[PDB]
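Reviewing the structure listed below.
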Amino acid sequence: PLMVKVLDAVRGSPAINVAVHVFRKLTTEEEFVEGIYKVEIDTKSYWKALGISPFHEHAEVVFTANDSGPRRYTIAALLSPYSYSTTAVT
Amino acid sequence: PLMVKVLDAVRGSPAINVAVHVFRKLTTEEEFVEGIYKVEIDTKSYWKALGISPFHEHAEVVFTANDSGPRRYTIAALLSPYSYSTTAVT
Amino acid sequence: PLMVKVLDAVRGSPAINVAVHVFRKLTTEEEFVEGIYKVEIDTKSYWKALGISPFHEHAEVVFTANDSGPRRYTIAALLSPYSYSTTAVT
Amino acid sequence: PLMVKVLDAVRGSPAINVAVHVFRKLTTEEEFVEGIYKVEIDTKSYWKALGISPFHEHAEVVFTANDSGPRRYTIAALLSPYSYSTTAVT
Amino acid sequence: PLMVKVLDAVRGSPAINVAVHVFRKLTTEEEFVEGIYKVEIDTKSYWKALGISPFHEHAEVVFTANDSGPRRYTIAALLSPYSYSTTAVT
Amino acid sequence: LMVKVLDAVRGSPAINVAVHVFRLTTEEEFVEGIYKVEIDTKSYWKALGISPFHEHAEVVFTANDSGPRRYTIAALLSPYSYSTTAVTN
Amino acid sequence: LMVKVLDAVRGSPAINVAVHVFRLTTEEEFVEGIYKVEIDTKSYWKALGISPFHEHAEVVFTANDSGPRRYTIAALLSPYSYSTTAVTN
Amino acid sequence: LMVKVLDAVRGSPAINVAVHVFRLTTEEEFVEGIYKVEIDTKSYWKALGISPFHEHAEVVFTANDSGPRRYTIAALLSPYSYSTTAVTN
Amino acid sequence: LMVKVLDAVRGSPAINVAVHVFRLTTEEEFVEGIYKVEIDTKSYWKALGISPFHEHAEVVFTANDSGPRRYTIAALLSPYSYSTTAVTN
Amino acid sequence: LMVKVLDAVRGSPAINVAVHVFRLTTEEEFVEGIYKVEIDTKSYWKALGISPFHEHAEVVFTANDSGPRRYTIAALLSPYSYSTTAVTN
């Protein structure tokens with residue numbers, strides 16, 4: 001007998017994130033769980049899994065990556081529940 | 001006997017995110033769960049899974065990636081439930 | 001006997017996101033679940049899965065990617081339920 | 001008999017993050033759990049899993065990565081629930 | 001008989017992070033748990049898992065990595081729940 | 001027993017007179033609300049009765065007060081003479 | 001027993017007179033609220049009664065007060081003469 | 001027993017007179033609220049009664065007060081003569 | 001027994017007179033609130049009664065007070081003559 | 001027994017008179033609150049009663065006071081004559 005009990009009774013005014021998981025029993029992936037609460041911000045990726053035998057013979061390649069600019073990211077209360085408070089971005 | 005019990009009784013005024021999962025028993029993927037609560041912001045990807053034998057022989061390639069500009073991202077309360085509060089972006 | 005019980009009784013004024021999943025038992029994908037609550041903002045992708053043997057022989061390629069401009073994204077309460085509060089974007 | 005009991009009774013106004021997991025019994029991955037609460041900010045990756053035998057013979061390659069620019073990231077209360085407080089970004 | 005009991009009764013206004021795990025019984029990975037609460041900020045990676053026999057014979061390579069620019073990261077209360085306090089970033 | 005109030009008046013006065021000569025919830029022999037003013041008064045769940053919600057009672061009570069309400073009153077319970085009372089908006 | 005109040009008046013006065021001559025919740029023989037003013041008064045759960053919520057009672061009580069409310073009062077319980085009372089917005 | 005108040009008046013005065021001549025919750029023979037002013041008063045759970053919440057009672061009580069409220073009062077319980085009372089916004 | 005107050009008046013005064021001649025919660029023979037002012041008063045859980053929360057009682061009591069509230073009062077319980085009372089914002 | 005107060009007045013004065021001639025919680029024969037002012041007063045859990053929270057009682061009491069509150073009062077219980085009372089913001 002397997003019994004999972006999460007947050008039986010709630011009677012206030014909470015701010016709650018819940019995640020309950022129960023299990024019983026070039027690239028390869030199998031029977032996984034990923035990114036339940038994932039925040040990806042300004043994520044880069046240039047070359048990935050190009051394939052089998054890229055640029056096999058006599059290949060001349062020039063690679064350049066210039067990340068250069070005025071960028072502004074302003075975040076308040078990321079992944080953070082709250083209650084009876086004041087979140088202000090002035 | 002498998003029994004899962006999540007948030008039986010609620011009688012206030014909450015702000016709740018729930019996610020309940022139950023299971024019983026070039027690129028390859030099989031029987032997974034992904035991105036239940038996923039926030040992807042300003043995500044880039046240039047070359048991926050081009051195929052089998054790209055640019056096999058005598059291939060001349062010039063690659064350039066210029067990320068350059070005035071960009072502004074303003075987010076308040078990302079993935080964060082709240083109650084009885086004040087979220088303001090002035 | 002498998003029994004799943006989520007949010008049996010609710011008698012207030014909540015703001016709730018629910019997601020319940022029950023299971024019993026070049027690119028390949030099989031029997032998955034994806035993007036139940038997915039927010040993709042300003043996501044780019046240039047080359048992907050071009051096919052089998054692109055640019056096989058004697059291929060001259062010039063690649064350029066210029067991301068450059070004044071862009072403004074303003075979001076309040078992303079993926080965040082709330083109650084009895086004040087969300088204002090002035 | 002396996003019994004898991006998490007947060008039986010709640011009657012105040014808390015801010016709670018929960019994550020409960022129960023289990024009973026070039027690249028390869030199998031039966032894992034990843035990124036339940038993962039925050040990836042300004043993460044880069046240039047070359048990864050290019051494939052089998054890239055640049056096999058007589059390959060001339062020039063690689064350059066210039067990360068150079070005025071960037072500003074401002075975050076308050078990352079992955080941190082709170083209550084009865086004041087989070088302000090002026 | 002295995003019984004796990006975490007946070008039976010809560011009646012104040014706390015700020016709590018919980019993570020409960022129960023288990024009963026080129027690159028390879030198997031039956032692990034990773035990144036339950038992982039914060040990756042300004043993480044770089046240039047070459048990784050290029051494949052089998054890259055640059056096998058007569059390979060001329062020039063590698064350069066220039067990380068050079070005015071960058072500002074300002075974070076308050078990272079991975080730190082709090083209550084009845086004042087978090088301000090002026 | 002002799003009582004005299006304002007026996008002679010010759011001036012045009014504004015007078016507000018009140019003369020009285022005497023020789024669960026239970027009240028008796030009371031004189032209530034002589035010149036009583038009651039503005040914007042509330043009452044929730046008054047005098048429910050005997051034995052309410054005796055057994056296994058679940059109650060969720062929520063009272064909310066809000067909204068733009070504007071009360072403008074001049075000269076409350078105040079007689080006046082030879083004056084000027086103006087309420088201009 | 002002799003009582004005299006304002007026997008002679010000759011000036012046009014503003015007078016507010018109150019003369020009185022005497023020779024669970026229980027109240028008796030009281031004189032309540034003579035010139036009583038009651039503005040913006042609240043009361044939650046008053047005098048529920050005998051034996052309320054006796055056994056196994058669950059109660060969630062939440063009272064909220066808010067909202068733009070503007071009260072503007074001039075000359076409360078204050079007679080005036082030969083003056084000027086103005087409420088200008 | 002002789003009482004005299006303001007026997008002769010000749011000036012146009014603003015007078016506020018109050019003359020009195022005498023020869024669970026229980027109150028008796030009281031004189032309450034003569035010129036009583038009650039503004040913005042609250043009361044939560046007053047006089048519930050006999051034996052409330054006797055056994056196994058769960059109560060979550062939350063009271064919140066907030067909101068833009070503006071009270072502007074001039075000349076409370078204060079008679080005036082030959083003056084100027086102005087409330088200008 | 002002789003009492004004399006303000007027998008002769010000839011000036012137009014602002015007078016606030018109060019003359020009195022005498023010859024669980026229990027109160028008796030009291031004179032309460034003669035010229036009583038009560039502004040912004042609170043009361044939580046007053047006089048619940050006999051035997052409240054007798055056995056195995058769980059109570060979570062939270063009281064919050066906040067919000068922009070502005071009280072502007074001039075000349076409280078203060079008669080005036082030949083003056084100028086102004087409340088300008 | 002002879003008492004004389006302000007027998008002759010000829011100047012237009014601002015007078016605030018109060019003359020008195022005499023010949024669980026229990027109070028008796030008291031004179032309370034003659035010219036009593038009560039501003040911003042609080043009271044939590046007053047007079048719960050006989051035998052509250054007798055056995056195995058769990059109580060979590062939290063009281064919070066905050067918020068922008070502005071009180072501006074001029075001339076409290078202070079009669080004035082031939083003057084100027086101004087409240088300017």
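Identifiers for the structure tokens are assigned positionally: chains receive A, B, ... in sequence, residues are indexed from 1 per chain, and ligands are indexed from 1 in the order shown.
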Exercise: residue J:53 partners within 9 Å, only C-alpha atoms, chain neighbours under 6 positions left out, as a PDB file with N, CA and C atoms, in the first residue's frame:
ATOM      1  N   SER I  51     -17.619  30.611  29.599  1.00  0.00           N
ATOM      2  CA  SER I  51     -17.029  29.384  29.074  1.00  0.00           C
ATOM      3  C   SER I  51     -16.897  29.358  27.549  1.00  0.00           C
ATOM      4  N   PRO I  52     -16.131  30.279  26.959  1.00  0.00           N
ATOM      5  CA  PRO I  52     -15.816  30.160  25.534  1.00  0.00           C
ATOM      6  C   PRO I  52     -14.505  29.425  25.311  1.00  0.00           C
ATOM      7  N   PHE I  53     -14.475  28.619  24.248  1.00  0.00           N
ATOM      8  CA  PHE I  53     -13.292  27.841  23.882  1.00  0.00           C
ATOM      9  C   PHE I  53     -12.852  26.941  25.035  1.00  0.00           C
ATOM     10  N   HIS I  54     -13.802  26.170  25.565  1.00  0.00           N
ATOM     11  CA  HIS I  54     -13.555  25.425  26.796  1.00  0.00           C
ATOM     12  C   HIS I  54     -12.505  24.335  26.598  1.00  0.00           C
ATOM     13  N   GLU I  55     -12.662  23.504  25.570  1.00  0.00           N
ATOM     14  CA  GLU I  55     -11.836  22.316  25.408  1.00  0.00           C
ATOM     15  C   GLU I  55     -11.254  22.249  24.006  1.00  0.00           C
ATOM     16  N   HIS I  56      -9.956  21.951  23.924  1.00  0.00           N
ATOM     17  CA  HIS I  56      -9.286  21.615  22.666  1.00  0.00           C
ATOM     18  C   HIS I  56      -9.517  22.675  21.594  1.00  0.00           C
ATOM     19  N   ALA I  57      -9.444  23.940  21.993  1.00  0.00           N
ATOM     20  CA  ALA I  57      -9.736  25.041  21.091  1.00  0.00           C
ATOM     21  C   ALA I  57      -8.470  25.500  20.382  1.00  0.00           C
TER      22      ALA I  57
ATOM     23  N   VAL J  59      -3.304  28.931  21.053  1.00  0.00           N
ATOM     24  CA  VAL J  59      -3.639  30.269  20.589  1.00  0.00           C
ATOM     25  C   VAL J  59      -2.406  30.883  19.947  1.00  0.00           C
TER      26      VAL J  59
END
| request: Excluding residue J:36 and residues on its chain fewer than 3 positions from it, collect all residues at most 7 Å away from it, counting only C-alpha atoms, and give them as a ChimeraX atom specification. | output: /I:35-37 /J:33
Convert the current residue selection to file output with C-alpha atoms, as a tab-separated table (two decimals), in the first residue's frame.
chain	number	residue	atom	x	y	z
I	35	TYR	CA	-19.67	65.81	26.15
I	36	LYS	CA	-17.80	62.67	25.13
I	37	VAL	CA	-15.99	62.46	21.79
J	33	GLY	CA	-16.05	61.08	30.95
Those in stretch 5-89 of chain C with strand (DSSP E) from DSSP, as a compact mmCIF listing (two decimals) with C-alpha atoms, in the first residue's frame:
# COMPACT_ATOMS: atom_id res chain seq x y z
CA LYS C 5 -8.16 12.97 -5.48
CA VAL C 6 -7.27 16.61 -6.18
CA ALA C 9 -13.86 20.85 -1.76
CA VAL C 10 -13.39 24.58 -2.38
CA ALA C 15 -7.32 31.75 -8.03
CA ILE C 16 -6.04 28.28 -8.94
CA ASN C 17 -4.18 26.66 -11.82
CA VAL C 20 -3.57 16.52 -13.25
CA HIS C 21 -2.07 13.70 -15.34
CA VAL C 22 -2.67 9.98 -14.77
CA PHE C 23 -1.08 7.20 -16.82
CA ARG C 24 -1.31 3.42 -16.53
CA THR C 27 14.10 13.53 -35.13
CA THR C 28 11.97 10.93 -33.36
CA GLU C 29 9.51 11.46 -30.50
CA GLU C 30 7.13 8.99 -28.89
CA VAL C 33 3.62 15.18 -22.86
CA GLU C 34 4.97 18.66 -23.55
CA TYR C 37 1.81 25.55 -19.37
CA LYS C 38 4.56 26.92 -21.63
CA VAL C 39 5.19 30.62 -22.30
CA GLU C 40 7.63 31.26 -25.15
CA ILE C 41 8.45 34.94 -25.64
CA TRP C 47 18.34 26.58 -39.09
CA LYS C 48 16.89 23.30 -37.84
CA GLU C 60 29.93 27.97 -50.38
CA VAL C 61 27.73 29.44 -47.63
CA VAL C 62 27.69 32.84 -45.93
CA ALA C 65 22.32 36.97 -38.04
CA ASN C 66 21.88 40.57 -36.86
CA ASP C 67 19.43 41.03 -33.98
CA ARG C 71 12.30 46.47 -28.29
CA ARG C 72 10.34 46.76 -25.05
CA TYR C 73 8.50 43.93 -23.28
CA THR C 74 6.45 44.73 -20.17
CA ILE C 75 4.65 41.89 -18.39
CA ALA C 76 3.03 41.78 -14.96
CA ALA C 77 1.92 38.61 -13.16
CA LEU C 78 3.21 36.01 -15.62
CA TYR C 82 -3.55 36.16 -7.42
CA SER C 83 -6.47 37.34 -5.31
CA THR C 86 -3.78 45.19 -7.20
CA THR C 87 -1.84 44.54 -10.43
CA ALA C 88 -1.12 47.82 -12.21
CA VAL C 89 1.23 48.65 -15.09
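Set the cut-off at 12 Å, count only C-alpha atoms, and the residues of chain C near chain F turn out to be residues 10, 11, 12, 13 and 84 of chain C.
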Take the residues that were just selected and, keeping N, CA and C atoms, output them as a PDB file, in the first residue's frame.
ATOM      1  N   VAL C  10     -13.844  23.190  -2.367  1.00  0.00           N
ATOM      2  CA  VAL C  10     -13.389  24.575  -2.384  1.00  0.00           C
ATOM      3  C   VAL C  10     -14.594  25.461  -2.099  1.00  0.00           C
ATOM      4  N   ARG C  11     -14.484  26.324  -1.085  1.00  0.00           N
ATOM      5  CA  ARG C  11     -15.598  27.183  -0.711  1.00  0.00           C
ATOM      6  C   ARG C  11     -15.239  28.651  -0.530  1.00  0.00           C
ATOM      7  N   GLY C  12     -14.019  29.060  -0.861  1.00  0.00           N
ATOM      8  CA  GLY C  12     -13.677  30.467  -0.806  1.00  0.00           C
ATOM      9  C   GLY C  12     -13.733  31.119  -2.170  1.00  0.00           C
ATOM     10  N   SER C  13     -12.817  32.041  -2.449  1.00  0.00           N
ATOM     11  CA  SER C  13     -12.693  32.656  -3.771  1.00  0.00           C
ATOM     12  C   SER C  13     -11.238  32.600  -4.221  1.00  0.00           C
ATOM     13  N   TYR C  84      -7.386  39.312  -4.262  1.00  0.00           N
ATOM     14  CA  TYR C  84      -7.482  40.416  -3.307  1.00  0.00           C
ATOM     15  C   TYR C  84      -6.265  41.335  -3.384  1.00  0.00           C
TER      16      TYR C  84
END
| task | Quote the spacing between atom CA of residue B:90 and atom CA of residue D:85 in Å to one decimal place. | result |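 Going from atom CA of residue B:90 over to atom CA of residue D:85 covers 19.3 Å.
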| query | Could you pull the residues within 8 Å of stretch 3-19 of chain H, counting only C-alpha atoms, minus those fewer than 4 positions along the same chain, as number ranges by chain? | reply | G: 2-20, 78-81; H: 79-81; I: 2-20
Might you pull out every residue within 9 Å of residue F:39, with only C-alpha atoms counted and same-chain residues fewer than 3 positions away left off, and present them as an mmCIF file with C-alpha atoms, in the first residue's frame?
data_model
loop_
_atom_site.group_PDB
_atom_site.id
_atom_site.type_symbol
_atom_site.label_atom_id
_atom_site.label_comp_id
_atom_site.auth_asym_id
_atom_site.auth_seq_id
_atom_site.Cartn_x
_atom_site.Cartn_y
_atom_site.Cartn_z
ATOM 1 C CA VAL G 37 -24.381 61.459 16.688
ATOM 2 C CA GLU G 38 -23.165 58.170 15.206
ATOM 3 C CA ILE G 39 -21.220 58.309 11.927
ATOM 4 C CA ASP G 40 -19.572 55.384 10.111
ATOM 5 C CA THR G 41 -20.016 52.748 12.815
#
| task | Find the residues near residue I:22: any atom within 7 Å, counting only C-alpha atoms, skip ones fewer than 2 places away on the same chain, and give them as a PyMOL selection string. | result | (chain H and resi 21-23) or (chain I and resi 20) or (chain J and resi 21-23)
Only N, CA and C atoms, please: the residues just picked out, written as a compact mmCIF listing (two decimals), in the first residue's frame.
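Written output follows (part-v2.txt):
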# COMPACT_ATOMS: atom_id res chain seq x y z
N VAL H 21 -31.39 67.70 37.03
CA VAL H 21 -31.66 67.78 38.46
C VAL H 21 -32.18 66.43 38.92
N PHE H 22 -31.51 65.85 39.92
CA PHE H 22 -31.90 64.57 40.49
C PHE H 22 -32.15 64.75 41.98
N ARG H 23 -33.23 64.16 42.47
CA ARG H 23 -33.51 64.14 43.90
C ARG H 23 -33.55 62.71 44.42
N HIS I 20 -25.22 69.92 36.90
CA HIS I 20 -25.77 68.68 37.45
C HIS I 20 -25.90 68.85 38.95
N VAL J 21 -22.75 69.57 41.93
CA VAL J 21 -23.01 69.71 43.36
C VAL J 21 -23.55 68.38 43.87
N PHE J 22 -22.90 67.83 44.89
CA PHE J 22 -23.31 66.57 45.50
C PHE J 22 -23.55 66.81 46.99
N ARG J 23 -24.65 66.26 47.50
CA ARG J 23 -24.92 66.30 48.93
C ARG J 23 -24.99 64.88 49.50
| message | As an exercise, work out the distance from atom CA of residue A:53 to atom CA of residue E:46 in Å and give it to one decimal place. | response |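 Calculated distance between atom CA of residue A:53 and atom CA of residue E:46 is 20.0 Å.
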